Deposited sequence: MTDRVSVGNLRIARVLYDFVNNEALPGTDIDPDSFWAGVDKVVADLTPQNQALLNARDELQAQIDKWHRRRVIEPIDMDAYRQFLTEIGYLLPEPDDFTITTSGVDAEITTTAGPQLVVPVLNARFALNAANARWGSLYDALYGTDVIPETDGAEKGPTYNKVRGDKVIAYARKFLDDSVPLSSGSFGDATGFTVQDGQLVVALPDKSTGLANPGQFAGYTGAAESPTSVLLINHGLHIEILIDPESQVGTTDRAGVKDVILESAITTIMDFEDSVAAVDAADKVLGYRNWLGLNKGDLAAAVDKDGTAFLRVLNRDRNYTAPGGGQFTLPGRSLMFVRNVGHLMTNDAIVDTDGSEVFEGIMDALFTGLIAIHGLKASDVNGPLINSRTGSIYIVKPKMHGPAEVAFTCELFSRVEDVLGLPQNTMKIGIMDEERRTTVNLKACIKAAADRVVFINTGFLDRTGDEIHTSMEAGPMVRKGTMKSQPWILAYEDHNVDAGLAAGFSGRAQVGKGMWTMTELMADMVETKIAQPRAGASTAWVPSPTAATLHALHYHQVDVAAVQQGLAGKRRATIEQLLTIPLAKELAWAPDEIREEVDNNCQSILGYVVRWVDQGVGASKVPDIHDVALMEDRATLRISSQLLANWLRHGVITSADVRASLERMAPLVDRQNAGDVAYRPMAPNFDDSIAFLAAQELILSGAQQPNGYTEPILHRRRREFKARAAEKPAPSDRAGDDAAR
């Protein structure tokens, strides 16, 4: 083996070298003391990690039997509910409390805005996401379908003036709506000046300052004729670039060149469901990118660097600076998987979540400073490290994560509670015990959130034996999920999240449907979410519009003390009613789910890509993560289980959709087709396995199968 022995651990050389040569220097942590800490943390915490996974299996088996030994048509909720309490699935609700989490950056406690999630294994994307804190509104409007191509604003190889003009008008109305003038409209502005700590806007007729002068935040260049004017609204900045020289500014009545929005306030650098990392080499690539980001020297080759901070003149005089970069969280993997990056003496792989805490925590130290050996860029000015933890089931698993972070802080020599936690609410046993989960992390929690895919996957798997479930599309409006969304906001606010910690909602997946996003995604801040997930920097800029229209702080205040979801609502199983479906509707749903699986698995298994623009069955581009596999495979496993469809149906769908997916990947020079030799494609076989073995996977998790198939591919490719 190419391994290094440290106590009971045998560490992959690639990882040992990375940590010693790249991660450790500049941290003041003694290398041999670090590794001994790794050996000791792994040895101490592994058994409980194991015991927790065992508890999941034990609870699910009891729930499985419970549904099987039941022939009373509609389920008795009273009985079901007491049954869940009896087995310790539904724990008592704690007394009310407020979180004590301190040392938290302003982007999290206070500001409400868009949040990016990006695969850390892709340096270019990581870099763009980090630089996406400031983005052009003009770029976003012109380049997407928010401005229709009617009358006659079609895009083309060259600049369309008619289109640019609608871009301009759209932005002018946004300004009027956000930072209103005392009189008149920005549409008729002819110039901007700063006179006596105040913004002065020229109109043909008169001159006006702002309805609320407080919104004036700063400016660049001369107060005389500024190069830009900085506005603020709802905590978020707006920057009017004034430059009559530019090709856009030449046409503008006030010389305006662009409107720049503070967009991606925070960004999650992801080691989990948006990446494909199945061994030491993959983990090191990710860790190395996370390192370059924290040092601030990560640079990507097209033909590329992190942005510097932005310098302004305050309204009353004096220079100040605003961050040029999104504040970075890291999303570690959850409690389930092991990874061969480290094995013990007996050859057993080490828990990946435990490793992630150690290595991403170690690396994050660099982001708390700026130097020669450390790179010239900072992440947290309050001294915090921000880790999102996915896929936890209940408060014992939350407490275990907190204990893990405490032990890691010890090894790293960090103050206790440096490592803050974001609790993803994406498993049913967390949803119904959420107050307890927050309390378990009361001195660390900076974030909770919801999302469609994983949580619905868990919903299906948990009640697998209860009956056939409604269709995937129908799931988005089921009583359980609407109660889940509201209950998440209720819990966070009740725990005092407003002014302290983020309350997040899920990803907008339809990357090209930006008109639709702008029209509908406003529902999330309107529901009291201080953040929500966007699939790109362009989408972050556009989603930012919503936080200007909606006063999230005020919304949160109005919802205080409300109990909008009952536990009965949360526990309403999405069972289909009798005879819900025509045969062609059934076929459509099978094809849909088989296409989702094939389209995502083929890029994952063959190219190690876990996030990309994947055309769905109707050629709509979607940016989903691995959780798309979990929902899709569990639904099909469920329909198979209850005889909605046959094994022949599934196979035939798979064979139908495969050439389709092949066709959808024509642009890709590196692509290997699945059809017509289905049984020779590792990716096709993976897709089939996820479905046929779906019901048997722990909580419906796809990683054990997916990772195996990707390792199989890598090996075949090596020979």
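Subject >> Chain regions without C-alpha coordinates, deposited sequence numbering >> reply: Residues lacking C-alpha coordinates: 1, 305-311, 728-741.
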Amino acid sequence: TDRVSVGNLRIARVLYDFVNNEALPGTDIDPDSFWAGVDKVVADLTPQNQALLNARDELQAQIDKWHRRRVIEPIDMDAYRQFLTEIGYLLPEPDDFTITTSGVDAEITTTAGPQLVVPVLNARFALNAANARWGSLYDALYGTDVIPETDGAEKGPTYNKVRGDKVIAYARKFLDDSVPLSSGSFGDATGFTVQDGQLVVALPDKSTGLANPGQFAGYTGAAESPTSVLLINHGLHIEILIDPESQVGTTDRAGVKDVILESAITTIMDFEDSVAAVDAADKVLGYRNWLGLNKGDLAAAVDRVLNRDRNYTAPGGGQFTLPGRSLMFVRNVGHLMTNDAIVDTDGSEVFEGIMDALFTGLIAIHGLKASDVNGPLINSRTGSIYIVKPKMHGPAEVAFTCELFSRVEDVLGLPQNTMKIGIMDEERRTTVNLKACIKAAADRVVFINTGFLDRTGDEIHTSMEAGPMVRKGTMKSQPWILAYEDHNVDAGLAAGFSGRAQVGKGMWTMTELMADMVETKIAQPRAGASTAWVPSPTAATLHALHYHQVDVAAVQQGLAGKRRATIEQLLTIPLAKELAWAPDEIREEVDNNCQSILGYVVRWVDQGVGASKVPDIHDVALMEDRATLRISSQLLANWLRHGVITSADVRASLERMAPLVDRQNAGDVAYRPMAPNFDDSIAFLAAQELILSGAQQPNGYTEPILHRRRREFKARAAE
From here on, numbers count along this sequence of modelled residues.
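Definition used throughout: the rigid core is the maximal C-alpha set that superposes within 1.5 Å between two forms.
Subject >> Of 445-453 and 226-234, which departs more from this form in 6 other deposited structures of this protein by CA RMS after core fitting >> reply: The answer is 445-453, which departs more from the shown form in 6 other deposited structures of this protein.
**OP:** Between 149-157 and 191-199, report the one with more C-alpha displacement in 6 other deposited structures of this protein relative to this form after a rigid core superposition.
**Re:** Once the cores are fitted, 149-157 deviates more in 6 other deposited structures of this protein.
Original post:
Hey, does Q595 drop out of the model in a third or more of the other PDB entries compared here?
Top reply: No, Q595 has coordinates in all the other entries compared.
Subject >> Missing coords for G667 in a third or more of other PDB entries >> reply: Looking at the other entries that model residues on either side of it, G667 is missing from at least a third.
Original post:
Should the higher mean CA B-factor in the entry be assigned to 106-114 or to 451-459?
Top reply: It is 106-114 that shows the higher mean C-alpha B-factor.
Subject >> Per the entry, higher mean C-alpha B factor between 592-600 and 92-100 >> reply: Comparing 92-100 with 592-600, the higher average CA B-factor belongs to 92-100.
Original post:
Between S536, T474, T520, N374, where does the Cα B-factor run highest in the record?
Top reply: Answer, based on the entry's C-alpha B-factors: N374.
Subject >> Given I29, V41, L52, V650, the residue at which the Cα B factor reaches its maximum >> reply: Within the set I29, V41, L52, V650, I29 shows the top C-alpha B-factor.
**OP:** Looking at the entry's B-factor column for C-alpha atoms only, identify whether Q664 ranks in the lowest, middle or highest third of its chain.
**Re:** It falls in the middle third of the chain.
Original post:
According to the PDB entry, is the CA B factor of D425 in the bottom, middle or top third of its chain, that is, lowest, middle or highest?
Top reply: For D425, whose C-alpha B-factor we compare with every modelled residue in the chain, the answer is the lowest third.
Original post:
Should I238 be placed in the lowest, middle or highest third of its chain by the C-alpha B factor in the entry?
Top reply: Middle third by C-alpha B-factor.
Subject >> Where the record places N677 (Cα B-factor, split into thirds across the chain) >> reply: Highest third of the chain for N677's C-alpha B-factor.
Subject >> Within-chain third of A670 by Cα B-factor, per the entry >> reply: Within its chain, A670 is a highest-third residue by C-alpha B-factor, going by the deposited values.
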